[PDB]
Amino acid sequence: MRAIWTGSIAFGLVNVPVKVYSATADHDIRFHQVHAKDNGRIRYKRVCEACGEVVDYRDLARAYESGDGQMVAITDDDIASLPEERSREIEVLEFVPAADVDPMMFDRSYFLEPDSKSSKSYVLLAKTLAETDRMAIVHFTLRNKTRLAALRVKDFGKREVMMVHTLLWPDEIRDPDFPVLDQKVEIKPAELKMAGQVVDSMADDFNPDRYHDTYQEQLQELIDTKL
Amino acid sequence: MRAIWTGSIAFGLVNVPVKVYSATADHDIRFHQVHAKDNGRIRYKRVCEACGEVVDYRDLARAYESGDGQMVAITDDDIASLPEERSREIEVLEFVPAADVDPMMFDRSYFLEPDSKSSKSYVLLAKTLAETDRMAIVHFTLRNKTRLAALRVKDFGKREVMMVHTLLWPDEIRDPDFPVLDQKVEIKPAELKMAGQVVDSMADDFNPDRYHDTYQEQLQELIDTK
DNA sequence: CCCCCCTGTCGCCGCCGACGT
DNA sequence: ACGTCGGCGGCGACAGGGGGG
Numbered sequence: 001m002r003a004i005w006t007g008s009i010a011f012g013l014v015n016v017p018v019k020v021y022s023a024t025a026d027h028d029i030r031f032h033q034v035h036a037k038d039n040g041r042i043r044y045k046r047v048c049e050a051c052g053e054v055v056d057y058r059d060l061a062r063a064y065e066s067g068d069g070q071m072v073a074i075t076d077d078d079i080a081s082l083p084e085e086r087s088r089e090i091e092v093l094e095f096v097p098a099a100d101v102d103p104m105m106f107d108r109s110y111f112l113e114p115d116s117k118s119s120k121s122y123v124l125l126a127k128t129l130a131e132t133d134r135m136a137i138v139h140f141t142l143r144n145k146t147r148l149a150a151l152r153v154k155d156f157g158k159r160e161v162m163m164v165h166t167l168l169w170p171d172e173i174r175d176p177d178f179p180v181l182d183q184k185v186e187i188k189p190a191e192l193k194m195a196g197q198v199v200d201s202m203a204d205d206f207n208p209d210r211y212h213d214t215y216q217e218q219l220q221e222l223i224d225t226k227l
Numbered sequence: 001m002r003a004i005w006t007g008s009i010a011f012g013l014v015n016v017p018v019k020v021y022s023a024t025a026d027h028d029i030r031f032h033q034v035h036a037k038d039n040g041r042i043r044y045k046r047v048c049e050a051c052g053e054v055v056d057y058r059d060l061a062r063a064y065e066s067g068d069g070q071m072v073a074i075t076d077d078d079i080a081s082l083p084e085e086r087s088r089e090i091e092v093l094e095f096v097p098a099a100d101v102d103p104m105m106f107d108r109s110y111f112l113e114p115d116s117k118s119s120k121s122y123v124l125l126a127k128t129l130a131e132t133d134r135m136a137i138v139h140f141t142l143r144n145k146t147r148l149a150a151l152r153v154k155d156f157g158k159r160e161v162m163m164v165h166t167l168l169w170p171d172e173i174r175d176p177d178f179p180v181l182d183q184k185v186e187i188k189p190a191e192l193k194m195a196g197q198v199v200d201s202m203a204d205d206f207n208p209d210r211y212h213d214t215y216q217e218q219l220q221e222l223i224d225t226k
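Chains X and S, in that order, are what the protein sequence lines are. Under UniProt numbering, the residues of the first sequence are numbered 1 to 227, in order. Under UniProt numbering, the residues of the second sequence are numbered 1 to 226, in order.
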């Protein structure tokens, strides 16, 4: 629960401080390699494949291979070309209704909480967004990588926090080009009505509590057994 | 495109072959580690702390570190006690209304394709899902890592293809533990009026066609020149 | 028949939170 | 208020293996 950001929503001259937080913590256990035979921990050393000598991180040049198997070293001017990462602000772009963003695009979510002193503007903006029911699409620059996103409010009963849902660039989302479904499919009318009771026989209400990763809990119990 | 796997939905008697595909391909450019002195692609060697020698992938042992840091030598036979991952079926569990999954949980989107020469069952399932307007929650499994998902249908121009959206285990979604907002701040109606004025002055409608990553295009042009 | 893409590691840099002045 | 210090986490790259042609 340690922050990752400290910027400010800024559409004009507003600049409400916000502390971005990771909204999805993976309880999945990450293991570690080791040379158990001799009881020796493992480390990775970068070694030349052709010249065959170990090297340090500095020497290796970030290189790109094209269809011709070329290699170009990326210099500092590539960083200098885009100045957008130099900004520590979530530069709001536009305000749109929340219904205009499909669930196809959502990629990740973070929770924004403010600097304790500037709570007034935070709550005022969140209240205005909730009352007028508006998306607030923004930009986002975390660790020098500009990702589109969307800022939308969400009441939590006692408190109402606004959150940022990162978005995939509209071009990235793939388009389904499947000719099999295009060919005509004919179904007799009495056939369709049968499936209704089939699905209705299993209908229910989505409850988060019931579902749980049996694999992970079993692994946790097993490792507890090992110790 | 290229399928990630090819299984078949299954809830009791019902069955239907499906052919999943990747629906989010990131065209961000992958580079390779090279060093100027010789311009040779880097190579990685697994090297041993205690014994100070290269130790193969096969000769490498997996382990775990707990709070105390004590190493734990794990074995493959014991971990594999779970038999579900061996299943190659999208074993549907229940059917629920589509509007009962908040956008918090959606993780990845995957297309579906009927496999057999006949897609009658697939089309019928898509039609019933579209009519009744109910999501179908499934225990999607892939690459021996079972992960909860949900089946939903959405038309794309020419087809009524249905898609499976992976989901986050509800215990994964954190909560906003923040005692800084529960405090109530005095506010004035004029403040709300001016705030609404400023907010709606900049209001507009979503036009995704004009949204692109400037950095990616800049890098593409730079590499094209080089 | 296959070569691509998940998945897991590793190492690294960059950033935050508390202690002390 | 301001300066130090240690720790935590995105992420870029590689390696391995599966299941797709």
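Note that beta-carbon positions come from the ideal geometry of N, C-alpha and C, so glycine has one too.
Nearest-angstrom Cα separation, counted from residue j out to residue i
| i | j | result |
| --- | --- | --- |
| residue 203 (chain S) | residue 10 (chain X) | 15 Å |
| residue 85 (chain S) | residue 142 (chain X) | 36 Å |
| residue 99 (chain S) | residue 100 (chain X) | 16 Å |
| residue 150 (chain X) | residue 166 (chain X) | 6 Å |
| residue 122 (chain X) | residue 114 (chain X) | 7 Å |
| residue 28 (chain S) | residue 195 (chain X) | 43 Å |
| residue 131 (chain S) | residue 226 (chain X) | 51 Å |
| residue 24 (chain X) | residue 190 (chain X) | 46 Å |
| residue 83 (chain S) | residue 76 (chain S) | 14 Å |
| residue 200 (chain S) | residue 120 (chain X) | 20 Å |
| residue 187 (chain X) | residue 127 (chain S) | 11 Å |
| residue 222 (chain X) | residue 148 (chain S) | 22 Å |
| residue 172 (chain X) | residue 38 (chain X) | 47 Å |
| residue 106 (chain X) | residue 78 (chain S) | 37 Å |
| residue 92 (chain X) | residue 15 (chain S) | 48 Å |
| residue 40 (chain X) | residue 69 (chain X) | 37 Å |
| residue 144 (chain S) | residue 192 (chain S) | 53 Å |
| residue 67 (chain X) | residue 53 (chain S) | 36 Å |
| residue 179 (chain X) | residue 3 (chain S) | 15 Å |
Identified DSSP bridge partners for residue i
| i | result |
| --- | --- |
| residue 120 (chain S) | Answer by DSSP bridge pairing: none, since residue 120 (chain S) is not bridged. |
| residue 113 (chain X) | X:19 |
| residue 215 (chain X) | Answer is none; residue 215 (chain X) lacks a bridge partner. |
| residue 194 (chain X) | Partner(s): none; residue 194 (chain X) has no beta bridge. |
| residue 183 (chain X) | Paired residue(s): none; residue 183 (chain X) is not in a bridge. |
| residue 150 (chain X) | X:137 and X:165 |
| residue 97 (chain S) | S:134 |
| residue 142 (chain X) | Partner(s): none; residue 142 (chain X) has no beta bridge. |
| residue 90 (chain X) | X:9 |
| residue 54 (chain X) | X:47 |
| residue 24 (chain X) | S:173 |
| residue 72 (chain S) | S:64 |
| residue 14 (chain S) | S:11 |
Within 8 Å, strictly: CB atoms of residue i and residue j
| i | j | result |
| --- | --- | --- |
| residue 7 (chain X) | residue 89 (chain X) | yes |
| residue 129 (chain X) | residue 161 (chain X) | no |
| residue 33 (chain X) | residue 60 (chain S) | yes |
| residue 43 (chain S) | residue 48 (chain X) | yes |
| residue 35 (chain X) | residue 55 (chain S) | yes |
| residue 181 (chain S) | residue 159 (chain X) | yes |
| residue 213 (chain S) | residue 5 (chain X) | no |
| residue 211 (chain S) | residue 146 (chain X) | no |
| residue 175 (chain X) | residue 206 (chain S) | no |
| residue 103 (chain X) | residue 97 (chain S) | no |
| residue 116 (chain S) | residue 17 (chain S) | yes |
Cβ neighbour criterion (16 or more within 10 Å) applied to residue i
| i | result |
| --- | --- |
| residue 21 (chain X) | buried |
| residue 57 (chain S) | exposed |
| residue 217 (chain X) | exposed |
| residue 1 (chain S) | exposed |
| residue 112 (chain X) | buried |
| residue 109 (chain X) | buried |
| residue 19 (chain S) | buried |
| residue 125 (chain S) | buried |
| residue 185 (chain S) | exposed |
| residue 219 (chain X) | buried |
| residue 63 (chain X) | buried |
| residue 136 (chain S) | buried |
| residue 94 (chain S) | buried |
| residue 140 (chain S) | buried |
Residue i beta carbon near the ligand NAP (any heavy atom closer than 7 Å)
| i | result |
| --- | --- |
| residue 139 (chain S) | In terms of ligand content, the structure shown is empty, and the ligand NAP therefore cannot be addressed. |
- Message: What are the residues in the stretch 63-76 of chain S lying within 8 Å of chain X by C-beta distance?
- Response: 63, 64, 65, 66, 70, 71, 72, 73 and 74
- Message: Give me the subset of the stretch 154-174 of chain X whose CB atoms are less than 9 Å from a CB atom of chain S, sorted by chain position.
- Response: 154, 156, 158, 159, 160, 161, 163, 165, 167, 168, 169, 170, 171, 172, 173 and 174
- Query: Along the stretch 176-195 of chain S, what residues have a CB closer than 8 Å to any CB found in chain X?
  - Reply: 176, 177, 178, 180, 181, 182, 183, 185, 187, 191, 192 and 195
- Query: What residues in the stretch 120-151 of chain S bring their beta carbon closer than 9 Å to a beta carbon of chain X?
  - Reply: 120, 122, 123, 124, 125, 126, 127, 128, 129, 131, 132, 134, 135, 136, 137, 139, 145, 146, 147, 148 and 150
- Taking a cut of 8 Å between CB atoms, which residues from the stretch 6-32 of chain S lie near chain X? 11, 14, 21, 22, 23, 24, 25, 26, 27, 29, 31 and 32
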